[PDB]
Amino acid sequence: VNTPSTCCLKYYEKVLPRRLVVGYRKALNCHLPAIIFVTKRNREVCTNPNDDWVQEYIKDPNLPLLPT
Amino acid sequence: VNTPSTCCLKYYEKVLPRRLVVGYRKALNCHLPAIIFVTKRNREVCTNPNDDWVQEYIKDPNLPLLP
Ligand code: NA
C-alpha cells in the first residue's frame, strides 16, 4: 500500500535468550525481510528470518504473533 | 541499531489535498526514501521527497515535523 511499513535495516548478530522474548511481528515485505522479536525489556529486535533459532522461536507453541 | 524503522515501499501516486494533512514524518534512511504525511484522521501517506508539492507542503510553518 501507500501506507508506511515497519521495516528492519539490519539483523541482530546474536541469539536472544528465549526467556526474554514475549512475542514476534512479521516484517517480511520490506527490502530486508525480518522477524521482529518483542522482549520483556520492552525492546523490538530485528532478526534474520532464515536463521535456525529464529525459526525455532516462531514455531514455539507459546509465543504469539503480534501485529506491526 | 537493530531496532525496526518506519519505511515506505511505494509512493502515493496523486497530490494530497493540503487541507487533509496535519503533519509529516521523515523516512529518508530507507531503501525507498520518503516523506510520510499524517492526515487529520491519523492516516499515513508515503510520498516522494523530491516532488515539488511535497517540499512546498512541508516548508509550511503550520505543517510540523512529527518524528
Ligand atoms: Na513545516
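Here Swiss-Prot sets the residue numbers for chain B, with the shown residues being 31-97 in order.
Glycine is treated like the rest: Cβ placed from N, Cα and C.
Sequence annotations record features per position, and here Swiss-Prot assigns disulfide bond to B:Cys37-B:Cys60, B:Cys38-B:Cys76 based on similarity to another entry.
Here the disulfide-bonded residues are B:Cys60, B:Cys76; the one with the fewest Cβ atoms within 10 Å of its Cβ is B:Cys60.
According to DSSP, B:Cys38 (disulfide bond) is assigned to coil rather than to any helix or strand.
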